[PDB]
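**Q** First piece of the complex, coordinates kept as in the full assembly:
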Amino acid sequence: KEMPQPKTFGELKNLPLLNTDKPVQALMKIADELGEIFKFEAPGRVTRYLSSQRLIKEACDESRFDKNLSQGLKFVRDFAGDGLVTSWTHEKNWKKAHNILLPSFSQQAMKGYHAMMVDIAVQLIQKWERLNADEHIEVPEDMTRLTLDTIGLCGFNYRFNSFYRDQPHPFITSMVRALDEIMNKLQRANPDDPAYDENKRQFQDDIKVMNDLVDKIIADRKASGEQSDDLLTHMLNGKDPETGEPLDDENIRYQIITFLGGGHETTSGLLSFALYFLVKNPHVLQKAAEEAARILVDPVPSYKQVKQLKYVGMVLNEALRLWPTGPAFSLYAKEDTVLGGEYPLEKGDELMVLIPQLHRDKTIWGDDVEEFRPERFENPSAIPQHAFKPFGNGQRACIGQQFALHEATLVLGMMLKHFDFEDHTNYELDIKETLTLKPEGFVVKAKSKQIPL
């Protein structure tokens, strides 16, 4: 069968369709019009967007397709190098680092991070307890403070001290400016044009900032004479069982950058969407609060109590169903293949999985795919293979998934135990896109339940 394709702009083909603040939301709209697959052509490149579980379960066969670096990720590689997110599977440093850092997300490791997650969570709760009558909460801003600080402390014993700051930490300003520079690069006809010399001067400055903090984190660890078993411990000391080799210096630097960027943004998105859906669905908020109060019976949560917040977990999954905060991942064909018995592909051909659309496939989820209903996840194992993919696929799936979900479950649980929430502006969801998705301008009021912490 011949592939649907959205409207074209002459020699620019489809490229102007992504000249927008909201490209993923644009593609989702295309997917609504054209169905489970469409061709997307730009000058000198072609990809195919998949939206159905039927096709995506084939794309997620690792014998037939491997992770591809999208143009965006290729530009990310200019500062994240061969860190885990921006490495090819066949690069030696991918499997090495994969093997070395996976124990940093073991069950023992997760227990060891719990205390410091509580440290940051207490700081959030205290900030909100200390607000005056009628003040509000800037939700994504506060959630980004929490998640940046959490990965900094749990991973690196580094304190960003974001709750002491009116404005994001410099590292994040640089990071966001570098990603912003990257977004703008995706839709430029002449990269080399001298007009863009000021941008790449700014890009080089942003990379300088990120590396300055890297140098510090490393120098502090070397100088604290510490083996505080955390993510950094593993980066500096762990040896890969296959090769018997450690990470080299350069790669460690890239890993720090990678984990500092990747380790917070998607999670803050998740928390912001989850709070959004809770205030728009008071019956769900009430049920989630009921669990928080029944389970979190101590002044601070235990690891085991967090594992027992089953419904809070369902809330977080149902937020990732509707708005997966890393909304796309890219694949390539390992060999010539036919997709879905209809679409022939040649070795090298690229696919894009459009996760938000996958998560709205009515053959999987039923009629009411737009409804926020955490009960869809009562029994997570009922969900078919390759139907719910907010953490990607296979050996290149998110290494930090259990970290993300533990942090988010801890924090949301505490939030529901301690405050009642009001959507006082009747906020209209507005989704900002970077490489990630987040509510923009989401604000709430939190009335303390006056329960000691």
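**A** Perfect, I can see it now. Numbering: from 1, shown residues only, chains lettered A, B, ... in the order given.
**Q** where exactly do the strands run in the stretch 251-400 of chain A?
**A** In the stretch 251-400 of chain A, strands defined by DSSP state E, counting those that start in this stretch lie at A:328-333, A:337-339, A:343-345, A:350-354, listed in chain order.
**Q** Convert the last one to CSV, retaining C-alpha atoms only.
**A** What that stands for is strand A:350-354. Output for strand A:350-354, consisting of C-alpha atoms alone and laid out as CSV, is shown next (Å, rounded to 0.1, in the frame of the first residue of the first chain):
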residue,chain,number,x,y,z
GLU,A,350,13.7,5.7,9.5
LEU,A,351,10.6,5.4,11.7
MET,A,352,9.3,7.8,14.3
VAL,A,353,7.0,6.5,17.0
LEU,A,354,4.5,9.2,17.9
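**Q** Check which helices and strands that strand is in contact with.
**A** Helices and strands touching strand A:350-354, as assessed by 3 or more CB pairs under 8 Å, 6 or more residues apart in numbering; DSSP states H and E, comprise helix A:23-34, strand A:45-50, helix A:53-59, strand A:65-68, strand A:328-333. C-beta here means a position set from N, CA and C on the backbone, and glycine is covered the same way.
**Q** Let's see that with 6 Å instead.
**A** When contacts are defined as 3 or more CB pairs under 6 Å, 6 or more residues apart in numbering; DSSP states H and E, strand A:350-354 packs onto strand A:45-50, strand A:328-333.
**Q** That one versus strand A:45-50: what angle between them?
**A** Counting by axes from the mean of the first three to the mean of the last three CA atoms, to 10 degrees, strand A:350-354 lies at 40 degrees to strand A:45-50.
**Q** Same question for the longest one.
**A** Between the axis of strand A:328-333 and that of strand A:45-50 there is an angle of 110 degrees, by the same axes, to 10 degrees.
**Q** mind listing the helices for the stretch 301-450 of chain A?
**A** Here the stretch 301-450 of chain A has its helices, by DSSP state H, counting those that start in this stretch, at A:303-307, A:310-322, A:355-358, A:362-365, A:401-418.
**Q** of all these, which lies closest to residue A:427?
**A** With distances scored as CB to CB, the stretch of those nearest to residue A:427 is helix A:310-322 (15.3 Å).
**Q** Give me the residues contacting the closest one.
**A** By CB atoms under 6 Å, 6 or more residues apart in numbering, the residues outside helix A:310-322 that reach it are A:273-274, A:277, A:288, A:291, A:359, A:372, A:374, A:377, A:390, A:408-409, A:412-413.
**Q** how about JSON lines for those, with neighbour count added?
**A** Output for the contacts of helix A:310-322, formatted as JSON lines (neighbours: other CB atoms under 10 Å):
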{"residue": "A:273", "neighbour count": "28"}
{"residue": "A:274", "neighbour count": "26"}
{"residue": "A:277", "neighbour count": "20"}
{"residue": "A:288", "neighbour count": "24"}
{"residue": "A:291", "neighbour count": "20"}
{"residue": "A:359", "neighbour count": "23"}
{"residue": "A:372", "neighbour count": "19"}
{"residue": "A:374", "neighbour count": "24"}
{"residue": "A:377", "neighbour count": "20"}
{"residue": "A:390", "neighbour count": "24"}
{"residue": "A:408", "neighbour count": "27"}
{"residue": "A:409", "neighbour count": "23"}
{"residue": "A:412", "neighbour count": "25"}
{"residue": "A:413", "neighbour count": "27"}
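**Q** I'd like those laid out as a markdown table, including distance to residue A:5.
**A** Formatted as a markdown table, the entries for the contacts of helix A:310-322 read as follows, by distance: CB to CB, whole Å:
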| residue | distance to residue A:5 |
| --- | --- |
| A:273 | 31 |
| A:274 | 36 |
| A:277 | 34 |
| A:288 | 43 |
| A:291 | 47 |
| A:359 | 23 |
| A:372 | 33 |
| A:374 | 37 |
| A:377 | 35 |
| A:390 | 27 |
| A:408 | 38 |
| A:409 | 42 |
| A:412 | 41 |
| A:413 | 46 |
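**Q** extra chain here, label it chain B:
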Amino acid sequence: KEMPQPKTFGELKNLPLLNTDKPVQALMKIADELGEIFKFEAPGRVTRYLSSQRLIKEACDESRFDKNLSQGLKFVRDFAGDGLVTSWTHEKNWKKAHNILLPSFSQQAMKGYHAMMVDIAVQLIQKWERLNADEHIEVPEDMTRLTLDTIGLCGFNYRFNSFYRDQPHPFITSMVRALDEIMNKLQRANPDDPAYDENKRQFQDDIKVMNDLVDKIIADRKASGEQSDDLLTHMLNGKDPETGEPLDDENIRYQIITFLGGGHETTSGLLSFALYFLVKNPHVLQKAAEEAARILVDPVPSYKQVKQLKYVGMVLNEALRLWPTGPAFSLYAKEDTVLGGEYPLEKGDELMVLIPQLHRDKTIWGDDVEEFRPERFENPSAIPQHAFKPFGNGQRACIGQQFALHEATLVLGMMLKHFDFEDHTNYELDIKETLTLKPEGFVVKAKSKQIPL
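**A** Take a look at chain B, now in place beside the chains above:
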């Protein structure tokens, strides 16, 4: 640290604890009571049972510990001699045979076995296709017919023709009766009593049928004048690269018996437990069956398609986590040493790894350790070293591991492609123990999907 010890029986010490049909399960229950290590005393022997990954990972250090023959294996050596399973690592014939036969398990060799594995697999599928409307399947019975036939045919070009029989083949009747006589001998206070002279004559009779079949297998091969590149070809003609020597006649006979025994029973257990867990976990059954339908698109599976059954592979590994079919292995201290910083051992001290307990270490796997969740094996690198050992350890690990999993993956794939399964009796798991583990009395109904074979 003082070491826990279960309840005692006067002069008999702990030995009557193993006077049950289900000793490994009894040992697991003790492990749950007493923890990561206990001492077990008999008249004239002591061993320590290990259950934690922390201690087992040390036990698996080959510089400190070498494979020991348990009292059971020492008795098996009465007919398996210095076959690979029943040899000491320091016996010349171990490394010789290991070097000679290890190439018989190369993916190259696997490719050559595939055709004959499908032969037997097709016999099983056809049997089930030919059952009448309300008939059932005796699962362990059929899985044993299949596995025995596979190792006979692929190994030795011998056909047990087990699907043409109601009763097990005489070889397996005698092998089973001989191993049972071993099991009973592990409990007898005065072995030389005249009350057991009937048992000892029958044990010799069972040895004689095994040796009769061996003689025929060798006779058959020689008169054939063939070099059918199989496991028998290597035994008969292969030379050890290190010594430059072939196996002698005697050792060849022992290898044949060893492979015909261990080549089938553990594999048939694995298949039986896997099918058990699938019918108990319908959401996993549907995921596995969907995989099989998507991958096995030809009337007979190819070697390449069997390698694509990733989720089926996960199901098998999760059945090996809960019920590793060879549930224990034994080690001894090569020198005086201290285990786990706390438990001093003298040269020669014996250890027993209790693999089902290892696999239930909550520190490694999480709290939900009794649940059947194949997705624990989605990313191999996420499983700590020495945490999953169904195939033993190091240079003395299972040589047949690849063969076992290829056969099992092929067969379970075809079973899920061709039939729907019903747990019509709501079976209560009943685990029969020999030296190996298997469900007893497990029955299902198979409804054909009427897909041609």
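**Q** Go back to what packs on strand A:350-354, now with chain B?
**A** Contacting strand A:350-354 under the criterion 3 or more CB pairs under 6 Å, 6 or more residues apart in numbering or on different chains; DSSP states H and E are the following elements: strand A:45-50, strand A:328-333.
**Q** wait, what's in contact with residue A:409?
**A** Contact partners of residue A:409, counting by CB atoms under 6 Å, 6 or more residues apart in numbering or on different chains, are A:306, A:309, A:312-313.
**Q** at 8 Å instead, please
**A** Contact partners of residue A:409, counting by CB atoms under 8 Å, 6 or more residues apart in numbering or on different chains, are A:306, A:309, A:312-313, A:316.
**Q** Pick the one among those residues closest to residue A:332.
**A** Checking these one by one against residue A:332 (CB to CB), the nearest turns out to be residue A:316, at 30.9 Å.
**Q** Check the burial of that closest one by counting its neighbours.
**A** When neighbours are counted by other CB atoms under 10 Å in any protein chain shown, residue A:316 registers 25.
**Q** Can you pull up the most central residue in chain A?
**A** With distances taken as CA atoms, centre = their mean, residue A:266 lies nearest the centre of chain A, 2.7 Å away.
**Q** Residue A:147 reaches residue A:262, doesn't it?
**A** No: contact between residue A:147 and residue A:262 fails when scored by CB atoms under 8 Å: they sit 10.8 Å apart.
**Q** any chance you could map the helices in the stretch 51-200 of chain A?
**A** A:53-59, A:71-80, A:92-101, A:107-129, A:139-156, A:170-185, A:197-223.
**Q** deepest of these, which one?
**A** Mean neighbour counts were taken over the helices of the stretch 51-200 of chain A using mean count of other CB atoms under 10 Å in any protein chain shown, and the top value, a mean of 25, falls to helix A:139-156.
**Q** Go ahead and measure how far that helix is from the middle of the chain.
**A** In this view, helix A:139-156 has its centroid 13 Å away from the chain centroid, taken as CA atoms, centre = their mean, to the nearest Å.
**Q** returning to that earlier point: could you identify the most distant pair in the contacts of residue A:409?
**A** Within those, two members stand farthest from each other by CB to CB: A:306 and A:316, at 11.7 Å.
**Q** right, and residue A:187 touches residue A:17 too?
**A** No: here residue A:187 does not reach residue A:17: they are 9.9 Å apart, not a contact under CB under 8 Å.
**Q** more neighbours, those two?
**A** Using other CB under 10 Å, the more surrounded residue of residue A:187 and residue A:17 is residue A:17, with 20 against 15.
**Q** Could you tell me whether the more buried one really is in a strand?
**A** No: per DSSP: H, G, I helix; E, B strand; the rest coil, residue A:17 lies outside any strand segment and is helix.
**Q** and it, how far is that from residue B:248?
**A** 76 Å (CB to CB, to the nearest Å).
**Q** Residue A:403 now?
**A** 58 Å.
**Q** Would you mind listing what in chain A touches chain B?
**A** Residues of chain A found near chain B (CB under 8 Å from any CB of the partner chain) are A:57-58, A:61-63, A:95, A:98-99, A:102-103, A:105-108, A:241, A:304, A:307, A:379, A:381-382, A:384-385, A:394-395, A:397.
**Q** and with 6 Å instead?
**A** Residues of chain A found near chain B (CB under 6 Å from any CB of the partner chain) are A:63, A:98-99, A:102, A:107, A:381-382, A:385, A:395.
**Q** Can you pick out the most distant pair from these?
**A** Comparing every pair within those by CB to CB identifies A:99 and A:382 as the most remote, at 32.5 Å.
**Q** For residue A:403 and residue B:248, work out which one has more neighbours and name it.
**A** Neighbours around residue A:403 and residue B:248, counted as other CB under 10 Å, are more numerous at residue A:403. The numbers are 24 against 10.
**Q** which residue sits closest to that one in space, ignoring its chain neighbours?
**A** Nearest non-adjacent residue to residue A:403, counting by CB to CB, 6 or more residues apart in numbering or on different chains: residue A:105, 6.1 Å away.
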